[PDB]
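Structure record follows, encoded as structure tokens.
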Amino acid sequence: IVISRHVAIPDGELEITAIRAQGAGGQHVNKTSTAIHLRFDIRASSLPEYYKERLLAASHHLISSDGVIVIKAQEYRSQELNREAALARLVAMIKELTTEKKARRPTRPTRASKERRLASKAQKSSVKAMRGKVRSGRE
RNA sequence: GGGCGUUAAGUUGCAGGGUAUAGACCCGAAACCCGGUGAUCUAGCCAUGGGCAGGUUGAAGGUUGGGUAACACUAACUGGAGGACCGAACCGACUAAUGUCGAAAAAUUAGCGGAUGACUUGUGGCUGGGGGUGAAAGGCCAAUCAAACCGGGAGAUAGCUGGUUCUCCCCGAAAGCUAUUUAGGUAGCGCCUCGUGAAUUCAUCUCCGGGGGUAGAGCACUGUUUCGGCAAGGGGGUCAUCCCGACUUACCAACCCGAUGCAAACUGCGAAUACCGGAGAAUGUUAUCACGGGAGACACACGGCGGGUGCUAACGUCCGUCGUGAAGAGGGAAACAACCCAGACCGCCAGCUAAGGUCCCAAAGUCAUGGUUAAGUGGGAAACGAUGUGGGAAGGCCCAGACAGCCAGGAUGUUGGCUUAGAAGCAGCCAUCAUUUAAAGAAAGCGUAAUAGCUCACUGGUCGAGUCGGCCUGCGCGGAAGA
RNA sequence: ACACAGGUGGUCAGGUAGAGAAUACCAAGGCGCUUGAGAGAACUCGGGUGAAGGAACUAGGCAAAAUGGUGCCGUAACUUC
RNA sequence: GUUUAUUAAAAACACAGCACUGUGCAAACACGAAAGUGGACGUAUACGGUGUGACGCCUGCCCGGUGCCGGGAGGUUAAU
RNA sequence: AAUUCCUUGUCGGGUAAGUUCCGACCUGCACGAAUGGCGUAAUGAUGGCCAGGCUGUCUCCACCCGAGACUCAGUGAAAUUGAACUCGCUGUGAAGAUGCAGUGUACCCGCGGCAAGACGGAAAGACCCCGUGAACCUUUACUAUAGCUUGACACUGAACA
RNA sequence: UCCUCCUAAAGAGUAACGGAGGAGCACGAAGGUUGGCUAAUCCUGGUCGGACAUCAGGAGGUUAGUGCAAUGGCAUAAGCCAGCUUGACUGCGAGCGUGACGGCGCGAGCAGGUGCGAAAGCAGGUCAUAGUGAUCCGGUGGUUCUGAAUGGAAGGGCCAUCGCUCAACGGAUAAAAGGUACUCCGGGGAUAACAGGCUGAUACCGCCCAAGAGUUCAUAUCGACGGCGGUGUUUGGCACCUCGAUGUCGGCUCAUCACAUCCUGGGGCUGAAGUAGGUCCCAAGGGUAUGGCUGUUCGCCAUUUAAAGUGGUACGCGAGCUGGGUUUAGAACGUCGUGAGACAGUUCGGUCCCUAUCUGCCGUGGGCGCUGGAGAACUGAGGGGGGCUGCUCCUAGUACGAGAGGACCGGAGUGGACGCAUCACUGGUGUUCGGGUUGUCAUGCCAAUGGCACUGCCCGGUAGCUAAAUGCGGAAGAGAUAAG
RNA sequence: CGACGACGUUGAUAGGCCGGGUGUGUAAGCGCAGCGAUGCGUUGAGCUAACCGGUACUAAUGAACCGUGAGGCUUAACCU
RNA sequence: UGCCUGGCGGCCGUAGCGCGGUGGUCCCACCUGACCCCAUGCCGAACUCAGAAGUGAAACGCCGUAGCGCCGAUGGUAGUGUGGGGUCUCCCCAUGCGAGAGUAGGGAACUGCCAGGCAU
RNA sequence: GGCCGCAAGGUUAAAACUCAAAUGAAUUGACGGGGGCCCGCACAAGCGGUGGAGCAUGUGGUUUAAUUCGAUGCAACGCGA
RNA sequence: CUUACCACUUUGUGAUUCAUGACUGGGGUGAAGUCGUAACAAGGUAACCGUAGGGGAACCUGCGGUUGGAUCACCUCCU
RNA sequence: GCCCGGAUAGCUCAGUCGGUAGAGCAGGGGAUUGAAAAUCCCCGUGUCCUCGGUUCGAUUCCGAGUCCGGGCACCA
RNA sequence: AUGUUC
Ligand SMILES: [Mg+2]
Ligand SMILES: [Mg+2]
Ligand SMILES: [Mg+2]
Ligand SMILES: [Mg+2]
Ligand SMILES: [Mg+2]
Ligand SMILES: [Mg+2]
Ligand SMILES: [Mg+2]
Ligand SMILES: [Mg+2]
Ligand SMILES: [Mg+2]
Ligand SMILES: [Mg+2]
Ligand SMILES: [Mg+2]
Ligand SMILES: [Mg+2]
Ligand SMILES: [Mg+2]
Ligand SMILES: [Mg+2]
Ligand SMILES: [Mg+2]
Ligand SMILES: [Mg+2]
Ligand SMILES: [Mg+2]
Ligand SMILES: [Mg+2]
Ligand SMILES: [Mg+2]
Ligand SMILES: [Mg+2]
Ligand SMILES: [Mg+2]
Ligand SMILES: [Mg+2]
Ligand SMILES: [Mg+2]
Ligand SMILES: [Mg+2]
Ligand SMILES: [Mg+2]
Ligand SMILES: [Mg+2]
Ligand SMILES: [Mg+2]
Ligand SMILES: [Mg+2]
Ligand SMILES: [Mg+2]
Ligand SMILES: [Mg+2]
Ligand SMILES: [Mg+2]
Ligand SMILES: [Mg+2]
Ligand SMILES: [Mg+2]
Ligand SMILES: [Mg+2]
Ligand SMILES: [Mg+2]
Ligand SMILES: [Mg+2]
Ligand SMILES: [Mg+2]
Ligand SMILES: [Mg+2]
Ligand SMILES: [Mg+2]
Ligand SMILES: [Mg+2]
Ligand SMILES: [Mg+2]
Ligand SMILES: [Mg+2]
Ligand SMILES: [Mg+2]
Ligand SMILES: [Mg+2]
Ligand SMILES: [Mg+2]
Ligand SMILES: [Mg+2]
Ligand SMILES: [Mg+2]
Ligand SMILES: [Mg+2]
Ligand SMILES: [Mg+2]
Ligand SMILES: [Mg+2]
Ligand SMILES: [Mg+2]
Ligand SMILES: [Mg+2]
Ligand SMILES: [Mg+2]
Ligand SMILES: [Mg+2]
Ligand SMILES: [Mg+2]
Ligand SMILES: [Mg+2]
Ligand SMILES: [Mg+2]
Ligand SMILES: [Mg+2]
Ligand SMILES: [Mg+2]
Ligand SMILES: [Mg+2]
Ligand SMILES: [Mg+2]
Ligand SMILES: [Mg+2]
Ligand SMILES: [Mg+2]
Ligand SMILES: [Mg+2]
Ligand SMILES: [Mg+2]
Ligand SMILES: [Mg+2]
Ligand SMILES: [Mg+2]
Ligand SMILES: [Mg+2]
Ligand SMILES: [Mg+2]
Ligand SMILES: [Mg+2]
Ligand SMILES: [Mg+2]
Ligand SMILES: [Mg+2]
Ligand SMILES: [Mg+2]
Ligand SMILES: [Mg+2]
Ligand SMILES: [Mg+2]
Ligand SMILES: [Mg+2]
Ligand SMILES: [Mg+2]
Ligand SMILES: [Mg+2]
Ligand SMILES: [Mg+2]
Ligand SMILES: [Mg+2]
Ligand SMILES: [Mg+2]
Ligand SMILES: [Mg+2]
Ligand SMILES: [Mg+2]
Ligand SMILES: [Mg+2]
Ligand SMILES: [Mg+2]
Ligand SMILES: [Mg+2]
Ligand SMILES: [Mg+2]
Ligand SMILES: [Mg+2]
Ligand SMILES: [Mg+2]
Ligand SMILES: [Mg+2]
Ligand SMILES: [Mg+2]
Ligand SMILES: [Mg+2]
Ligand SMILES: [Mg+2]
Ligand SMILES: [Mg+2]
Ligand SMILES: [Mg+2]
Ligand SMILES: [Mg+2]
Ligand SMILES: [Mg+2]
Ligand SMILES: [Mg+2]
Ligand SMILES: [Mg+2]
Ligand SMILES: [Mg+2]
Ligand SMILES: [Mg+2]
Ligand SMILES: [Mg+2]
Ligand SMILES: [Mg+2]
Ligand SMILES: [Mg+2]
Ligand SMILES: [Mg+2]
Ligand SMILES: [Mg+2]
Ligand SMILES: [Mg+2]
Ligand SMILES: [Mg+2]
Ligand SMILES: [Mg+2]
Ligand SMILES: [Mg+2]
Ligand SMILES: [Mg+2]
Ligand SMILES: [Mg+2]
Ligand SMILES: [Mg+2]
Ligand SMILES: [Mg+2]
Ligand SMILES: [Mg+2]
Ligand code: NA
């Protein structure tokens, strides 16, 4: 229920229910609801802004069209493991969907290249000057 | 000196208890090993005969004619290969329904795959049990297969269930310790019973001799803890470089000092109760101890008290002590082993009581006296809330008039000089009755930026006689929602 | 185990339509499957039909429906021709 | 094509092809206490085992480990 | 992906909506080259997905034809079964009551039918644990052993260097 | 296995997968004896030398040390330092403590032979408790022992002593790993999975204090740090029932109950202008979606609805149905393992039985009763069924509002779903009516018919039954209340 | 299945019959045209199940059986 | 017989610290010297010996002094055996036992044998 | 895309898009870790030094209020001074 | 009234073409960047052509081919 | 919820058994070069994680915290 | 001997 030094998941918006797992187990998996179905609204949730407008904007299999982080944690057996695991997946995915890429600063050409350009310009011009038709005043 | 003996009479039957070896209280395995019967189903093979309606495609090749130096190549006709196609018999078993004490220990109905083959089938033969065979599933080997069937070892073994058969009488436990490839068995001991022997032996109570370190308490000690003083040393720098700063020596700060607590692994203190002795009275069917025969038992549960663990959860678990149930009926707690009373030898159409009860179901008080409760509280629940209602002690205000009503004044410097573009009697830190009378602020809730104003705090007038809160308290109410 | 919807090798194998030992109706031949008689309810079994819609049922078009023969025209990607 | 008769008919087994490898024929190997028989009245273009499973493109690195093959120098080593 | 936990990854397609499907991306938990890798026309009672058609599979079932079912006559079983004069509820209780407590209802008795209960019937639970139980199977568990293999001795001798 | 503390309830003992530590040794001096001595740590000065070296004095009090853990001790020291020495002896041992036993432990004194001391005296190991191993089988030495005819001897015995992380430490063998989903047998609810039960940590719900947010204002709403409960819906805990069987996910069909109400119905506050909301009381009468994906409860999504409630009922219901999943035996992929095999990891395939006796319930009768007998019609105790609601319009562009927008209250009409009834319509069916038609057999033959082929395949179709077809119902009203 | 409703010769209870309806859809035979298949006339005929209105033609027969004979006792309002 | 001192015991903080004072005929104490018995893990510091000059300074002993330590009642409280009760993770009643700390207060020790000196 | 190939590939054979060049021969030069001659304290042969220490001096750097400006490779760094 | 013809239209299956598509292979340009030096002299291993293999890339290696590659008698005679 | 190996100059690491600071890289300053490389010389780096017990001494020993990969958290 | 780049 914690992300960073300032962003905290207040846990008042963490609608966890317990469903019956999918897979093997015999007569325990049929009858012991252990898959943690974690639901976590995003819009009306009291996380800081710049989180809501980013989570809702991004497209991820967990977050629904109503804007609810949906987790189906059934990778472990007992509800303590599944609850800690679903909370871990939620923490991780909110971390990952709230980290932003750094702003690529687009560079300018080097001053060495600018002077190389101007020197090539001057060299071809120095050639072209004495190139071509010569002027005269005599006949 | 010490260990073992030294005093006693054994022995032979008979009956009985126990042990030991024999199956040894009976029934009950999975299996193991022998010696044999099985390939008339089935897996494979061998030999010898059978079966495959009908309809499709149409290869190689062959002929012919081109085309080639010759091939090559190509066209037509021909021919009929194929684990080829469609499909009946035949073989099989993919889907579904039915059937599931069926018609059938696996079928039937409708569909389905192969259907000239690595096919199918008839007759006969061969391969055999840790062996056969296997287009491999651990499949099949006579409805039986991760080692067939029959007989024998064999009554295997079974620390495991189940059962144990007539009667009466006396005594009558344990589910603990220790040890265990040991935990659900067993052995010794503790507990039971039957004998033998031995002492005031043992028990109860009283007095006396005792040692504890628990409850309690305490902080001299080990840790811990909050304050305040004491605080030098750490301390930022505004200690200025080698020397340092009366300020920071606010912070920290050991100890000390004074107090405040806490502890199972703390004790400068320390009970009750148990326990060990000594002595004595009374009582107790000698209940004590030693030896000998026979055991059972070593899965205990609850309740009270002291505790560990758990969450001061569990009808949880693990201990100590006691009791009960187990192995104890009866009365009571509606029913309810373990809670309360009480320990049933048999009979009685007798009586007194215990716990519990007395209006009716249901035996007994509509008992007596004095109170409380108004909620079915009694007859389920906490924090908390409440002018519910008894009782107490005390305090405040009161016939110089008490509290509440009542028409009603309560204010000019008080926008106060005052972030003053308002915080105006009532959004500013600051204060600022500071005159007037009995009273009245440089004032609370409102337009609150306040004038425009409201009430308001306070005094007076009537009314007149109780009133104000606060505490202890007893019984109550709300909090109090479930299939 | 039964007077058991099972299994059992070989031969003969007619007419009409059909390619035909499939199939449908028949001849020679054989049998009416060893309890019946009523009634005409649920419900089950084997079936027929269905408005409108058409997989919305569902695990899944299981089932059921549908197509289905001969002759002629045509017949794509892909290909090991 | 075959399979779990009697709940699995498949992606499982087989399969033609491929490779490794043993085997010189009294073959290897197997059933046999042995004789013998199969292999096979076969002879390396053949047999047995192993793995993969038509066809096309292919099949990369490691010999440290375990196994197999080769060595015999040395060490250790049995009966005697 | 027959391999992928996160996972319903992301993207595109398909659908109005697609955890499956198809095509890609690669972050391959844990593909990978004859214990084969990749692709592949044909084949497949093979697995997944889609569309056309078709229909009672379905909203939503309705009617009808037969065989049972039901009544009559004949023959006539079975599983099960302590006994029975065999109610509901709330509670108690070896902790999910026909039987106990309290209470309410219910004249005795059949026939058709349903199946919630009688912890219904069937199978001394195939799950789990225990047995100082068993079987098979695996292996660099232990102990052996068949077989394969070395050497000595024997059958086995001679001459020579 | 052993040692120490606590738990341990003031004799001993006393358990737990309770809380804390340690040992598997060391030392011929770290023992004995005689003699002697007394710390740690602060303060003050002193070459290096100081935070802390050895140095001197004061304070202190054992707060040091005891070879090693903890406890009990220790100053007469058991601590520290010196000289001599080996009593770290040999044979015994009154008594006693502790053990079920095996054993363990303390021991004054006696005989011998010693050390220390002047001597009394002390000394058979260390301040104590840990530092360990039963028997068997053997080894080596010694020996008044035995010695298979006799003498030897081998061997055996007694004494000394050696070899066992036999540490699973009372030690089953000198010698020991696994799979079984191919399983089998004996048992257990003594002991697990589901279900039930006890509890409620967890979960869900409510309440208390409430700083603060809310342009100001704690409460329109939310509520920080904290606190008190309730429910028995999850996950748990425990193992009470069931292991001589209680079938388990989901689905379908059938419901039933609670209210902690999703809609409808009635209210309060509102940061409620109106519509619309938010929240909190009352309320269970009725209603509460179809689809795509997945086996899914769950969820996402599309589209509706007035609403798409939360829960109990063996997380209802399989002697009602399915079997996709989970769970058999086949097979494969990834991974692990050398291998058998294994995987709450996938993937393809995979037998779901029962004739209802009782209770229950849906209907339906027989007997008898109710008092002469009989046929009718009823009263009505009591019980059951039913109770849902949208849209449009008028009220009215009215109230309100700046305008967009837009009422309450009250009427009307048409729908949705549900139920009852019926066949006049629309139809379906209608194998019992009529016709068409393929093949074939027969009626001698043409014609006409009949049989059989699913009713042969079809086209129609009467009555009846029926829904998709039509009509009708939810009331209005009254009484007594709920919140208010 | 019991049951419930109707009727049992003074009868429409069922069956049949007549008529009607409804449905199917122009029967067979005959005649004509056509070589024939077929078509046309008779001919909206024929058949018509449960429906409707009637009609004793058949069957619902006289009977027999069960149920009987004034209804307990005691108290109370009256003629007695 | 009384004072003082020495040695050895009783008891082991009422019995000890701290402050203040007193002793030197005797005893004790320091002290002289270490030549000798003897010792210093170096040193007559310690021991040891031979001595007595001086000293009561320390130490020792004696008398006041509570400043401290220490002892500490009566009551009450906690706790508890036993038997009941409850509003039962803790209390109450009856009865029995009765703390710890604290309070008033106490408290500057008492005592035995022998030896010596002093005074009788 | 076609035809061919088993395959690697071959063969037939474009366009979008950009660039004002891409090229061939030949001259002069520069360069070669190309050749051939020839030379200079270039190497070799030697002698003595620098880098090592201190100092003077100048720069680079850092600092300052400025540390004035300029050279900055041989050809600046006891340089203009 | 009906018979053949044929528009329009509806099927089913192709053909071609146009636009479009996750992702991808190359290309060109820009080029300020990174890693190398392959080529140009004997470019320091001559280069290049074909072909096959490998590698991060220029390219490297193998087989064959071309010169569009620079000196080419470095212990010698007298022949 | 732990547990297996772990916390070391500026960095990759070594390395012992109480009395360790060792290697390599890198870096700096030179040497060369026209200059950057590449090379050739010279130079020095930590108290062995915040710690908390022990010991006369902590990196070598036992426990909280960074958690490195992870290992397990399975059975009906 | 190999021995890059502005
Ligand atoms: Mg599993
Ligand atoms: Mg065996
Ligand atoms: Mg035989
Ligand atoms: Mg067929
Ligand atoms: Mg066929
Ligand atoms: Mg045969
Ligand atoms: Mg198998
Ligand atoms: Mg068989
Ligand atoms: Mg066997
Ligand atoms: Mg025997
Ligand atoms: Mg037996
Ligand atoms: Mg008795
Ligand atoms: Mg036991
Ligand atoms: Mg046992
Ligand atoms: Mg205490
Ligand atoms: Mg303390
Ligand atoms: Mg204590
Ligand atoms: Mg026990
Ligand atoms: Mg018993
Ligand atoms: Mg009793
Ligand atoms: Mg009783
Ligand atoms: Mg009773
Ligand atoms: Mg009770
Ligand atoms: Mg209350
Ligand atoms: Mg018969
Ligand atoms: Mg038969
Ligand atoms: Mg036939
Ligand atoms: Mg019959
Ligand atoms: Mg019928
Ligand atoms: Mg049909
Ligand atoms: Mg019909
Ligand atoms: Mg239809
Ligand atoms: Mg239709
Ligand atoms: Mg359609
Ligand atoms: Mg669907
Ligand atoms: Mg089908
Ligand atoms: Mg069909
Ligand atoms: Mg096949
Ligand atoms: Mg076969
Ligand atoms: Mg089968
Ligand atoms: Mg078969
Ligand atoms: Mg294969
Ligand atoms: Mg390979
Ligand atoms: Mg090798
Ligand atoms: Mg070898
Ligand atoms: Mg996906
Ligand atoms: Mg998608
Ligand atoms: Mg894909
Ligand atoms: Mg391989
Ligand atoms: Mg393969
Ligand atoms: Mg009968
Ligand atoms: Mg009950
Ligand atoms: Mg039934
Ligand atoms: Mg049963
Ligand atoms: Mg069993
Ligand atoms: Mg004790
Ligand atoms: Mg005790
Ligand atoms: Mg001594
Ligand atoms: Mg100093
Ligand atoms: Mg010692
Ligand atoms: Mg010791
Ligand atoms: Mg032994
Ligand atoms: Mg002899
Ligand atoms: Mg043992
Ligand atoms: Mg043991
Ligand atoms: Mg043992
Ligand atoms: Mg398997
Ligand atoms: Mg039990
Ligand atoms: Mg359970
Ligand atoms: Mg505020
Ligand atoms: Mg509030
Ligand atoms: Mg149990
Ligand atoms: Mg448990
Ligand atoms: Mg228990
Ligand atoms: Mg139960
Ligand atoms: Mg069970
Ligand atoms: Mg309510
Ligand atoms: Mg109600
Ligand atoms: Mg009503
Ligand atoms: Mg409802
Ligand atoms: Mg459950
Ligand atoms: Mg269920
Ligand atoms: Mg069933
Ligand atoms: Mg179910
Ligand atoms: Mg049931
Ligand atoms: Mg199948
Ligand atoms: Mg299936
Ligand atoms: Mg009702
Ligand atoms: Mg009609
Ligand atoms: Mg009709
Ligand atoms: Mg009809
Ligand atoms: Mg005829
Ligand atoms: Mg005819
Ligand atoms: Mg016939
Ligand atoms: Mg019709
Ligand atoms: Mg009303
Ligand atoms: Mg008529
Ligand atoms: Mg006509
Ligand atoms: Mg006619
Ligand atoms: Mg007292
Ligand atoms: Mg006291
Ligand atoms: Mg080309
Ligand atoms: Mg030189
Ligand atoms: Mg230098
Ligand atoms: Mg120099
Ligand atoms: Mg110059
Ligand atoms: Mg090159
Ligand atoms: Mg070169
Ligand atoms: Mg190069
Ligand atoms: Mg080159
Ligand atoms: Mg290479
Ligand atoms: Mg950790
Ligand atoms: Mg450089
Ligand atoms: Mg270095
Ligand atoms: Mg570069
Ligand atoms: Na190898």
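Residues are referred to by chain and number: the chain letter is A, B, ... according to the order shown in the structure tokens, the number counts from 1 in that chain, and ligands are numbered separately from 1 in the order shown.
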request  = Write out as a PyMOL selection string all residues of chain A that backbone DSSP assigns to strand (DSSP E).
outcome  = chain A and resi 15-20+33-41+68-73
Serialized selection, C-alpha atoms, as a PDB file, in the first residue's frame:
```pdb
ATOM      1  CA  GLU A  15     -11.322  -4.077  -2.883  1.00  0.00           C
ATOM      2  CA  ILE A  16      -9.901  -7.579  -2.370  1.00  0.00           C
ATOM      3  CA  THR A  17     -12.176 -10.612  -2.521  1.00  0.00           C
ATOM      4  CA  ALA A  18     -11.381 -14.325  -2.370  1.00  0.00           C
ATOM      5  CA  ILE A  19     -12.411 -16.644  -5.206  1.00  0.00           C
ATOM      6  CA  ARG A  20     -11.733 -20.321  -5.863  1.00  0.00           C
ATOM      7  CA  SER A  33     -11.337 -19.931  -2.046  1.00  0.00           C
ATOM      8  CA  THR A  34      -7.710 -18.834  -2.271  1.00  0.00           C
ATOM      9  CA  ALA A  35      -7.288 -16.790  -5.457  1.00  0.00           C
ATOM     10  CA  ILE A  36      -7.111 -13.149  -4.384  1.00  0.00           C
ATOM     11  CA  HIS A  37      -9.164 -11.016  -6.763  1.00  0.00           C
ATOM     12  CA  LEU A  38      -7.849  -7.551  -6.012  1.00  0.00           C
ATOM     13  CA  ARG A  39      -9.848  -4.624  -7.356  1.00  0.00           C
ATOM     14  CA  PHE A  40      -8.584  -1.066  -7.057  1.00  0.00           C
ATOM     15  CA  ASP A  41     -10.406   1.882  -8.599  1.00  0.00           C
ATOM     16  CA  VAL A  68      -9.918  -0.452 -12.056  1.00  0.00           C
ATOM     17  CA  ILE A  69      -6.642  -2.245 -11.427  1.00  0.00           C
ATOM     18  CA  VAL A  70      -7.791  -5.882 -11.503  1.00  0.00           C
ATOM     19  CA  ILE A  71      -5.452  -8.580 -10.196  1.00  0.00           C
ATOM     20  CA  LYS A  72      -6.108 -12.333 -10.091  1.00  0.00           C
ATOM     21  CA  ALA A  73      -3.371 -13.714  -7.827  1.00  0.00           C
TER      22      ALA A  73
END
```
query = How would you write, as an MDAnalysis selection string, the set of residues no farther than 12 Å from ligand 78 when counting only C-alpha atoms (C1' of nucleotides) and all ligand atoms?
reply = chainID F and resid 257:259 283:286
Determine, using only C-alpha atoms (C1' of nucleotides), which residues of chain F have any atom at most 12 Å from an atom of chain A, and tabulate each with its shortest atom pair and distance in Å to one decimal place, rows ordered by chain and then rising number, as a tab-separated table.
```
residue	atom	partner	partner_atom	distance
F:192	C1'	A:28	CA	11.5
F:193	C1'	A:28	CA	5.7
F:194	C1'	A:27	CA	6.5
F:195	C1'	A:31	CA	9.9
F:202	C1'	A:80	CA	10.0
F:203	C1'	A:17	CA	9.5
F:204	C1'	A:17	CA	11.0
F:222	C1'	A:12	CA	11.6
F:223	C1'	A:12	CA	11.6
F:224	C1'	A:10	CA	11.6
F:233	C1'	A:18	CA	11.7
F:234	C1'	A:18	CA	6.6
F:235	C1'	A:79	CA	5.9
F:236	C1'	A:79	CA	9.1
F:247	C1'	A:27	CA	10.7
F:248	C1'	A:27	CA	6.3
F:249	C1'	A:30	CA	4.7
F:250	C1'	A:30	CA	9.6
F:294	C1'	A:22	CA	10.4
F:295	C1'	A:22	CA	9.6
F:296	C1'	A:22	CA	7.8
F:297	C1'	A:20	CA	7.0
F:298	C1'	A:19	CA	5.8
F:299	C1'	A:70	CA	8.1
F:300	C1'	A:64	CA	6.6
F:301	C1'	A:65	CA	8.3
F:314	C1'	A:31	CA	11.8
F:315	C1'	A:31	CA	7.9
F:325	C1'	A:23	CA	7.5
F:326	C1'	A:26	CA	5.3
F:327	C1'	A:26	CA	5.5
F:328	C1'	A:26	CA	11.6
F:343	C1'	A:24	CA	10.4
F:344	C1'	A:25	CA	5.1
F:345	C1'	A:23	CA	9.1
F:346	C1'	A:23	CA	10.0
```
Output as CSV one row per residue of chain B within 8 Å of ligand 24: the closest atom pair and its distance in Å to one decimal place, counting only C-alpha atoms (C1' of nucleotides) and all ligand atoms, sorted by chain and residue number ascending.
```
residue,atom,partner,partner_atom_place_in_ligand_line,distance
B:477,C1',ligand 24,1 (Mg),7.3
B:478,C1',ligand 24,1 (Mg),7.6
B:479,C1',ligand 24,1 (Mg),7.6
```
request  = Find the distance between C1' of residue 454 in chain F and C1' of residue 112 in chain B and write it in Å to one decimal.
outcome  =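 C1' of residue 112 in chain B lies at a distance of 22.1 Å from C1' of residue 454 in chain F.
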task = Residues up to 10 Å from ligand 51, counting only C-alpha atoms (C1' of nucleotides) and all ligand atoms: could you list those as a ChimeraX atom specification?
result = /E:71-76
Contacts between chain A and chain E, please, where a residue of chain E counts if it comes within 9 Å (with only C-alpha atoms (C1' of nucleotides)); show its shortest atom pair and distance in Å to one decimal, rows by chain and ascending number, as a tab-separated table.
```
residue	atom	partner	partner_atom	distance
E:5	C1'	A:75	CA	6.8
E:6	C1'	A:89	CA	8.2
E:7	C1'	A:61	CA	8.8
E:8	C1'	A:61	CA	6.9
E:9	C1'	A:61	CA	7.7
E:10	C1'	A:60	CA	8.5
E:127	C1'	A:26	CA	8.7
```
request  = Could you tell me, counting only C-alpha atoms (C1' of nucleotides) and all ligand atoms, which protein and nucleic acid residues lie no more than 7 Å from ligand 10, written as number ranges by chain?
outcome  = B: 153-154, 156
inquiry  = With distances taken over only C-alpha atoms (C1' of nucleotides), which residue among A:98, A:46, A:107, A:82 lies nearest chain J?
reply    = A:107
query = Can you list, as a list in words, every protein, DNA or RNA residue that comes within 8 Å of range 206-222 of chain B when you count only C-alpha atoms (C1' of nucleotides), leaving out same-chain residues fewer than 2 positions away?
reply = residues 266, 267, 268, 269, 270, 271, 277, 278 and 279 of chain B; 9, 10 and 11 of chain F; 78, 79, 80, 99, 100 and 101 of chain H
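Taking only C-alpha atoms (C1' of nucleotides) and all ligand atoms into account, the residues that come within 8 Å of ligand 41 are residues 92 and 93 of chain B; 3 and 5 of chain D.
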message = To test your reading of the structure, identify every residue in range 27-83 of chain A that backbone DSSP assigns to helix (DSSP H, G or I), and report it as a ChimeraX atom specification.
response = /A:52-55,79-83
May I have the residues from that selection written out with C-alpha atoms, as a PDB file, in the first residue's frame?
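Written out: part26.pdb:
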```pdb
ATOM      1  CA  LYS A  52      -4.673   9.001 -12.371  1.00  0.00           C
ATOM      2  CA  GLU A  53      -4.254  10.722 -15.738  1.00  0.00           C
ATOM      3  CA  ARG A  54      -1.291   8.433 -16.449  1.00  0.00           C
ATOM      4  CA  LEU A  55      -2.707   5.094 -15.290  1.00  0.00           C
ATOM      5  CA  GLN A  79      -4.365 -16.631   1.156  1.00  0.00           C
ATOM      6  CA  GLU A  80      -1.514 -14.927   3.005  1.00  0.00           C
ATOM      7  CA  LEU A  81       0.853 -15.671   0.115  1.00  0.00           C
ATOM      8  CA  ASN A  82      -1.749 -14.710  -2.489  1.00  0.00           C
ATOM      9  CA  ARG A  83      -2.565 -11.456  -0.690  1.00  0.00           C
TER      10      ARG A  83
END
```
task = Write as a VMD selection string the residues around ligand 73, taking 9 Å as the cut-off and counting only C-alpha atoms (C1' of nucleotides) and all ligand atoms.
result = chain F and resid 191 to 192 237 to 239
